[PDB]
Structures are given as C-alpha cells and as structure tokens.
Amino acid sequence: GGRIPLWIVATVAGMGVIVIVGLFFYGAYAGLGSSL
Amino acid sequence: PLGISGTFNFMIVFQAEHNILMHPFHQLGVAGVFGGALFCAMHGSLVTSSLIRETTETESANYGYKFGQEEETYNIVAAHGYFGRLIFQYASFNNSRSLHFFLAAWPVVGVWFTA
Amino acid sequence: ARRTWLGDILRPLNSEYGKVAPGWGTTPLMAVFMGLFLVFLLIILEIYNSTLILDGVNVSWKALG
Amino acid sequence: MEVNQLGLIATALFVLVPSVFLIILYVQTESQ
Amino acid sequence: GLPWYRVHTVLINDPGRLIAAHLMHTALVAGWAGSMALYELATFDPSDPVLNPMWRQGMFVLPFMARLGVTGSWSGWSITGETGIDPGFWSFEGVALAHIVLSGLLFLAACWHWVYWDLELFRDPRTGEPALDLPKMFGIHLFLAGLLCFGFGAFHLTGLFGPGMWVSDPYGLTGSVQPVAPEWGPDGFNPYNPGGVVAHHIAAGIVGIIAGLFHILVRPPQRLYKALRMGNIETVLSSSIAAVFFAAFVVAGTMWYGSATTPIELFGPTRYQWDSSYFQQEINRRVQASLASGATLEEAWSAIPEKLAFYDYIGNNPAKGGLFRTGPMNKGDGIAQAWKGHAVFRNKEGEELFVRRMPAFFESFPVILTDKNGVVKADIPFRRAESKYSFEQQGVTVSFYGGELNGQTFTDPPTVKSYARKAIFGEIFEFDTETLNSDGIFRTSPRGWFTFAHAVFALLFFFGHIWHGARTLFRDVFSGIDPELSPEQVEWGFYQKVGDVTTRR
Amino acid sequence: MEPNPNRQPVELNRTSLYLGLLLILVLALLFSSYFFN
Amino acid sequence: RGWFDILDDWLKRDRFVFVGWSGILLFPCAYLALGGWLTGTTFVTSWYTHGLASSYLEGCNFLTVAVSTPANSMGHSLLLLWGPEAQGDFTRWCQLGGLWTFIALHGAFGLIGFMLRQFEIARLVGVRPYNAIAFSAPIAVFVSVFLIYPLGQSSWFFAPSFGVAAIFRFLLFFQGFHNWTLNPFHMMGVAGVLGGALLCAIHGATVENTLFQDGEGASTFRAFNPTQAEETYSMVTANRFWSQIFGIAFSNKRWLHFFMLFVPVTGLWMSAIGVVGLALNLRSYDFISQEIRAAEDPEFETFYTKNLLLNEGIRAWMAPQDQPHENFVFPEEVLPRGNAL
Amino acid sequence: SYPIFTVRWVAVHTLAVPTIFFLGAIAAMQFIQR
Amino acid sequence: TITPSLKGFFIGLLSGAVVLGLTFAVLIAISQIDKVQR
Amino acid sequence: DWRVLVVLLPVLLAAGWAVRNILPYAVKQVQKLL
Amino acid sequence: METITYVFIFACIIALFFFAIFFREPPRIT
Amino acid sequence: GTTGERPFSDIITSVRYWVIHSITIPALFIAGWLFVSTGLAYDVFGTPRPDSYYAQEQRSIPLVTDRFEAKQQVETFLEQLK
Amino acid sequence: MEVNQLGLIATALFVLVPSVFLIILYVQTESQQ
C-alpha cells in the first residue's frame, strides 16, 4: 500500500536522474564528440 | 533598425556572430512563443467547444453572452471531461485559476529568457 | 407548391426520401470494393513512384515512343 | 494605343464611388 | 440577424433557389472561360510556335482547348504553325463564343428557378416538406457521369466521333492532335502513355454506369444512412469537398511531374527535365551521331533543331519564377528570336571546358569552368588578388557551332566572360527585350502557375472538408452544448462506455 | 405563390465593421509593396 | 448486437487512456513515428546520405542528432523496407534514409489519427468539435513543410531532417535561397504566432488580476470550485482597465475565446500557403523596382539590398557541404567576401 | 480489488521498457574512445 | 513479368494484411471477454 | 550471432523474475474475469 | 504614386483608431 | 472521478512493485549497455565505427549516388575498407 | 521607382471593394433598429 514513503522514492529517483544526466555531460568532454 | 527588412538584417547578422539558434535562451523563447500560440489555440478551442446553448442556428453564438452576466458562459467540467480524455485526466486543468495563471506564465517566462 | 409538366414526370425520382435498407444491408459488399480500390490505387501510386517496377512499363517521357 | 495610364483608375473610381454611395443608401432604405 | 459569414445558409432548405444559385455559379464559371479565351486570343502571337509558343506568352486556357483538339482560329492560323486552314465552327473563337452563350442561357434559367422556387417536385409527397432524396440523386448523377465519361473516351479521344487529343514525341518536337487507341495492358497505368487515358475513361465510364444503376435501385443501409446523416445535404458537401481536394492534389502533381495529359508544348518543360539534363542528353546524342558518320562540328550542331535547344535553357524551367513576378515569361528574359549557337570554351592549351550549369535552387550562380573530368580549370573570380583561374590567366576562348554565331570565335576576355555568364543558363539565345520592355528576371510558366494555384486551393479545401464534415456530424450542438448536461456524464468512472448512459455502474 | 419563407435579415455590428476595416487596411498595407514590386 | 457493436463497446470504455476506433490508427502510428525518431537519433548515421554524423552512438549530442533525409538520388521514393532500393535489408534501409520516410509517413497518419480522436471524444462527451478544427493548423504546417515542399523539389533530401540543429539549417536555408523572411505569407504566420503568445499571456494575466475574492487565503487558487456557476473574475473591471489603458477592450467572453482560436490557427494556415509556393521556388525573393534602380545607381542602398548580399554569402558558403551530391567545387577566388573577412 | 494488467499497464511498459534499454545504451556510449 | 518489385509489393501487401488481421483478431477477442454491463 | 543472447539475457531473466513474482496475483485477475 | 498610396493607407488606419476608441459601441452591463 | 486502475502513488510505494522492478530496471539498463559494448548496435544499424568513416588515404564521402543500385554502392564502399 | 503600373489599381480596388461591402452591411444593420 504505502510501505515505502513516497518522498523516499522521489528522493532516490531524483539523484538517479542527476547521475545519468551528469554522466551525459561528462561524456560531452570525453571521447566521442569532445573535439579532442 | 526601425523597419521590416532592417529587422531581418539585425537577425541575420546576429546569427552569424552569436549563433543565437544554438543558444538555450533563444530555444526557450521559441518554446515560450510556440507554446503561447499552442495554448492560445487550445484554450480558445476548449472554451468555444463547451459554450452552453443560448442561441438559435440563425444567430452568432456570441450573443449568448451579455457583458456583465454573473453566470459563466461555458461548461468547464465538459471542457475538462473532453480534454482529460483526449490525453488523460490528470494532464488537464479543472481549476480555472491555475489554468489562466499557466496561460500567463508560459509565454511570459519564455520571453523573459529570450530577452 | 406549383405543379408543372416536367415536375410530374420527374416526381417518382424524388419520392423515397428517408427509405433505407434494414440493418447493415450491402455494407460488407461495399467494404470489399473499397479494399480492391485501395490496392488498386496503391499499384497506380507505386508505379508512378517507381517503387513498383513492371515489365514493359517505362515511367518516362520516352513512353511517347 | 498610347493612352493615359491614370485613365483606368479615373474611370474605375468614377464609376465605383458614386455607385457605392447609391447602393449604401438603397440597401438601408430597404431594411427599415 | 444572420452573421455575414452565413448569408448563404438560407438555401439549405430551398432546393429551387439552391438550383438557382448553382446555375448562377455555372453561368459565372462559363462566362469566365469565354472571357479568358477572348483576352488570350486578343494577346496571342501565333507567328512562331518554335521560339514563342503559347506557354512563353502567359496563355492559360489556350493549352486546354488545344489539348482536346481545338487548334485553329477563324483568322486562319493554327497553333501548330499550319496556315490557310479552315477550323470550321469549333475554332478558339467559336469555343469562346459558345461558353458566352451558355453563360447567358444559364443566367436566365437561374432567374426562373429563383422566382419559381416552390415547385411540387421539391416537396416530400408524404409530409409536404421540402426534401431531396440524396441517395437516389447520387445514382442518377453517377449514371450520367458514367455515360459522359465513357462517351468522352469511346468517341472523342479515339477519333471514332471526335478529334482525339494532343500527343507528341518524348522531346515535344512534333506534337499535334491525333486519335488515340486504348491501351488495355499494364502500361495503360503509365502516366506517360496516352492510350491509358483512353482506356481509363472507357472502363471507368462503364463502372460508373454500373455503380449508377446500383445506387438508383439499391437503398442505403440503415446503419450507413445514420452514420453519414444521409438526410442532411451538408454531408454531401462534406464528402464532395473531400473528393474535390483529392482531385486537386492529383492534377497539381501530374502538372508538376508531367504526364501524357500535360504535354510540354502546351504547358512548357518541367523542372525535372532541367534537373536530369533531359534535353541536353538528347542534343549530345544527336551531335555524337552526326559526328560518328563524319559530319563536321559545324554540321553536327547546325542540324540541332532550335526548338530542342530552346528546351535546354533554364529560362524555360518552371522553377525559376517568383510569386510576384507577373505576366508572361517573355516579360522577363524577352521574346526569344534565334538560337545563337552552341558555345564551346577552350583554355590556352586547347582543352575543352564546360560551364557548370545553374541549379534551379539558385537565384545567382558563379561562373565555373571545368574539364571533362570535373576538375576546375577557369572561373570568373570575386576577389582578384589571389586569382588562379581567371579567364585572362587561362586564355579561355569561346567558339560557336550552329545557330546564329556558327563558326565564330571570340578571344577578348570580356566578351568570352559575357557568354560564359549566359552558358550557366544552358543554351544561348537572342532575345527581344524592347518590345515588351522586359526587365530581365525569370518568370514561371503556366505549368508553374497552374500547379501553385491548385496545390493551394486543395489545401484550403481540406479545411472546408473538415469544417462542413464537423458541421454535419455535430449538427445537434452547433449552437452550443446542452445546458442540462450533467457532471456525471463527463466525469470519469460513472459510465462504463464513454457517453453511453445505459452503461452506468 | 407565396413569398419565400427562407429569407432572413443579415447583420454586421459596429465592432465587426471596425475589425473588418482594420483587417482590410492592414492587408492592403502589407501587400501593396508586392503589387508595386 | 453483433461483433461490431461489441467491439465498439470495448474501444469506447472509459479507461485511464481512452482508445476509441481512432486509437487503432493513432496509437501504432504515433508510437512508431516516436520510436523511429528515438531509434535513429540514438544509433543511425547520415554518413551515406549526407556525409554527416547524426546519432548519440557517433558522438552527437541532443542538439546535433537527427534522423536525416534520404539521399537526393532517391528522388521521392517511398523507400519502403521491402521496396526496390533497400530490398528488405534493414541495415541498408537505415543507411539509405528509410527511417525518414518511415517517420514522415507514420507521423502523417498519426496526425490523422489524433484529429479523428479529437472528433471521436468530442462526439461521445457531447461538445462542439472546435478543438479538432483548431488542430487543422498543425496538420497543414506538417504536410506543407514535410511532404508538399520536398515533393515540389528534386527529392526528399531537401525536406527538413528530424533534429534540432538540422531544423536550424532548414531555417537558414530558407533565408539564403528563398528569402523567406520577405514572404508576406510567413509574415502573417509570424503575426499569428506572436499574436497568439501575446493573447495567451495578456488573457491569463488579466484573469489573474481581476479575480474576485472568494476565499480568505493569500493563495487565490483554492477559492475556485469547477462546478460554481459564477464567473471567477470580473469581466466588467477587466473591460474598464483595458478600455482606459489601451483604448479598446473585449466585452464579449465568447468572442474573446473564439478570437484566441482564430489568431494562431489562421497564422499557421497562412505560412503553410507560402511554403506551398516555395515548393515551386515561387519565392517572394526580390522587388523588381529596387533592383532596376540599384543596378543603374551604385549609390542606392537599402536594407533590402543589404540582406540579399547576406543571402548570396549563405548560398555560396554552405552549398558545397549542404548539397554534396552536386559536387560543387568553389575555389577560394569565386567566394563572395567583403573586405578583410 | 485492482487488476494488474490493463491497457494502462501496456501503455506504460510500451514506453518505459525501451526507454531504460536506450538509457543503458546511451550511458555505455560515453565511454567510447576514438 | 513477375519482377522483384512486384514480389516485394505482395510481401508488403501480405505483411500489412497480417498486421491488420492479427490486430483485429486480438481486439475482437478481448471485446468478447470483457463486456460492459447493461 | 553470440552478442544477441548476451544482450537478450538480462531482459529474459527480468521477464522471468517478474513472471514468477506476479503469477499468483495474475491468476485471480484472469479468473475474476470468468 | 506608391508613396501617396502607402501614406494614404496608413492615415486611414490612424483615423480608424480614432473612431474605434472614441466612437465604439459602448459596453452596457447585463 | 476514477476509472478503476490501481493508482500509481499506491503502486510505486508498494513493496511488491519494487521487488519486481529492482530487477527489471537494472536488467534493461544492462541489456542496453551490452548492445553497445558488444558492438552489436554498429552491425545492426550500419553505423560506421570511428575507424571506418574513410579509407586510410581518402577524403571522399561514400555518398549514395544511384537509386536502384544504392544497396550495391554502399556495399562497394564497405569493401573498400576490408 | 519603376513600379508595376497596375499596382495602384490593384491596391485601390483591394481596399475599396471589401470595405464598401462591410459599410453596406453595417449601415443597413443600423437602420433596422
């Protein structure tokens, strides 16, 4: 029903996006597409 | 320049030197202005779609509204009931105040960014 | 209304307003002809498009000989 | 024929303006 | 009162005045046809179908009369150049006159039907109400359309009893009106085969007769009658508009791409003939042929008909116009007078060079001369200081074979550049710019103007289809939704099936 | 034969007059440059 | 009560996502068009059709990825998977630009599906179908730009490619080649889009600052009930305000909301017409009077002549790389260039 | 009393499943060297 | 006579018939199972 | 080739683990639906 | 003539502004 | 109102939901990863690897130039790499 | 400037014809009331 508090789920999904998005920005400076 | 072609000259020179098309604040401006036009059309079509029958076929429906009447002139639940089903229920406003505030905020904020 | 000679002749042609066949009637047969016509427009389109290439069908001005 | 080019506009307005005047007056007479 | 955008709805329940209006519209369209032809006759120069054909002169309805066999004037000329002919009554003038007389007669019939609107024919014999049995009318009219369509194909196009239609060779050199026999095989669907046009109208005509007979005898199913509101004349307007914009998109495409019914001698070349160098290949093919059998360069190129050379020139490309560049193509580059000849460029080392041709996309194009392999060997430079390839440095000359400058060679760099600036347009012509006070700027042909108008009208009629379609299916709520619609019917969950009150939970 | 029952009065209010006149005058202002070319 | 009515029952059930008969056409086509775009921009190159990289896999970012158009040599081929060009080879299909037509065509039928959906839901719910009518303007824009415009040109190659930067190039192309900013049909589209956004913002702002005090809190949103009969803001005060600020004001709520439909829908329809002209190169490129004077009079200069110089720069400098099938070789000396730059 | 598999269920996983697959593919891509 | 592209035409015509027919078979089945109550 | 099972294996085991954990509750759904 | 035409139209628009503001149909309540 | 489906807020906070999805979501992420790391994505879609855009001493685009020979043209380019 | 000579009549009729139409409709509306 509500065993996992919703704010927990929102916080943990939160950095999940921050990690993936931040990974994509690091990748703009490394490897393919970095101009280097 | 204060002129029609002068405006276009400004734009072309600006793109060559600032690559404004590739600037996020211009892209938000386009989103503010495309979305503004979109939501203008949406809101106008949803209200027009749910006008309450007040007139005959031989007269403009506009005469169904009298300036300063207290009752609303359309059915917002019918509009919500149509739009909530066109997408899904919670992607629709049933609060007129939240809706009209949304209408104000989207193009204003987008044009702030492009300015 | 005014009666005329030509009116009286044409009369039965405008006399069955509202008459329907019951239920679905010829709807399945109509559906068959619609299907055939779609396939047939597809072929005509894809011939013009050069997506369907047929022997001895040269889709070019050089088909005027 | 090497005619006057403003001849066309002069003739056209010469017909158009007074005719429109009369049409306006006639139609609003009819609807009252 | 009625708003201005609804004045014509007073005809919805008045079949007699509806007929009066339709007659008036038909009178107007036919009158236009007659007026348009007279204006075109009064401005058409018939004296050179080679370098001043009808499509260079801004002629619009002339090619449609010519397409179905009207080719001559009471004045003695024909558009094929034949002179001393007697067209009979069905000259351009006679066709124009017939449309004006038809216009006058339709006008009078419209008056009669407008006054005597209350004909008993229009009343339903059971209810005394005006009513039009639209299902049966469809069958009557469809049967008629099929008779006409079949006869058009069986008699007019075949020559059985009629003139035939315009046909030509693939390079538009020798066109004329000929009877055409049906093509019954699969090449009858080839848009470039005229026999398919004949077979289409015969077979479709027979299908139309059979379908017409069906729709006169067989009533519509109740399901379909209800679904399509077949008691409402506006449903017919909705579907009719849809069919009309369908037909409008098709005629625009075939005009633009070309088909047996849009021949280039009536409408001008297409842009794709420029894109694919269609005439330039054929010209080269003939010059090689003349050369292999031992003709000199001057002889090989002099054998090139000017008419073919005139097609290999971008000024006749319909995709070189502009929206507000008005009038005939002659008003732009001028009235073509003569082919100047084929320009051959050579550098100081005797290598033949080739001007890069202007693509239709470009209002302006640089002058770039390449060798047979595609390597740049000369150009006209913009910045001069570091110029490597100037005509002066590379010694470029121009020699002409065939045409008006045949056997002439030019070596002074300004003159040679002048022809190189023209060579980007294809073959080089002498134009009369004085007579029309031509401004020098390319205009589109009737093929372009026709395509533009009909592509635009089609798109606009799609909206008419949407509007009148919506009006038919939502007639009950045109003036507004029900003021007693209750919130349970539009809120979620109350009914199992949306809108169906019998599915309550 | 009776007069036609389908006739109706037609209307254009003052505000629609102002709207339409504005539409026509601005459309003319826009296209006139192109007509003169 | 046959199978058709049983199916109608099921398609029209009130569920979280309404299906309807229109769903049969809408949902596969919308999903496939969306799926093709995400697939192409993640994995598919444009090397063989354009000489461009265009996927995440190749090193592109969200702004430069595209599903690019097929090569100019495909003409207007439908590029069916099973057609004569790819011959059922999926890999070749992707490399030849087949995902472009896939997205364009499936997208077109999805747009039909969605507009039918607006019709279907409106009929069942009982409202007038003006939202479907308004959506005719997006449809006209899509077909005129994505389908009609390349059909008039030599091939699909010159249609827009489905990507952010690729659409930017499309903009700049239309400036340099069509002088599209000079086109009165585009200007009417501009006035319609900017007119809508203005109307949008001024209508929302007005309502929010003519609200009636119907609750007690500093949040005015809670003081609205969607079933109340009363208008939630004063039209009378709004009319006075704008009459005294601007001279004129709306007085009829129905006209106002119709006008909001009218302005951006009309604007979009107008720009579509101008694009149809551009399919034929029927540009509003020049003013002949300006050019006659300028040719004869080298001291005559306007913003009009200044912008054509810019167009000529755009054409010569992007053409070789933007139309690689033409093998344009422009040596340095032929490139139009002002001083120093 | 709630059903687990619905039309809604199908719509969600029709988007959600390939989205995460694609995200993994795009994350891997950031480590590719030329 | 029966060209590669004509074969591909039938390939595509059949494939689309499969897709539409399969789709409708599935929809008719579900609609029979989960009816509305009246 | 070989890389296809490697890619497909996490999806297949994800599908198996969901099937096993949900199967009891999916049974009641199909049943309550006569 | 084209200058006269452009200024004439513009002046007609300004006069229309005058009438639309000061000679509007007055909005009346209920 | 509501149309009968289980509310999302109820589902994503439920233990059973996260039991199933803590497997399906990483599995899908790993599957996607492997599609790239194995190089299968290159082969499926025809995308050049960083080393196979040009031949060594070449700067010409392998641009498709024929409509019905286009399949063979691409293969001819690819063979000018093996 | 060497402008198109028919641009003047084009523009004049383009303004005059639809404006006159509206004025006719408005005035006969006013004499109704």
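Structural remarks
Letters A, B, C, D, E, F, G, H, I, J, K, L and M mark the chains in the order given here, with residues in each chain numbered from 1 onward.
In the analysis below, contacts are C-beta pairs under 8 Å (C-beta built on N, C-alpha and C of every residue); 3 or more make two chains touch, one makes a residue touch a chain.
Under the contact definition, chain C and chain K share the contacting chains G. Comparing per-chain C-alpha centres with the mean over every protein C-alpha atom, the closest match is chain G. Centre-to-centre separation between chain F and chain J, using Cα means, comes to 67 Å. Note: centroid distance chain A to chain K, computed from Cα atoms, is 58 Å. Centroid to centroid, with C-alpha atoms defining each point, chain E and chain F lie 32 Å apart.
Counting partners per residue, chain L has 3-5, 28, 30-31, 34-36, 41, 50, 67 as the residues that reach two or more other chains.
Of all residues in chain C, those that touch two or more other chains are 2, 43, 46, 50-51, 53-54. Among the residues of chain H, those touching two or more other chains are numbered 3-4, 6, 8, 21-23, 25-27, 29, 32-34. On chain F, the positions that touch chain E within their shared complex are 1-2, 4, 6-12, 16, 34-35, 37.
Across the interface of their complex, chain A is touched by residues 9-10, 12-15, 18, 50 of chain L.
Residues 4-5, 8-9, 11-12, 15, 23, 27-28, 30-32, 34-36 of chain I are the ones that touch chain G when the two sit in their complex. Of all residues in chain L, only 1-4 touch chain E in the complex they form.
On the chain G side of its complex with chain E, the touching residues are 9, 12-14, 18, 119, 121-129, 132-133, 136, 140, 143-144, 148, 151-152, 154, 177, 183, 227, 269, 272-273, 276-277, 279-286, 288, 291-292, 311-312, 315-316, 319, 323, 326-327, 329-337.
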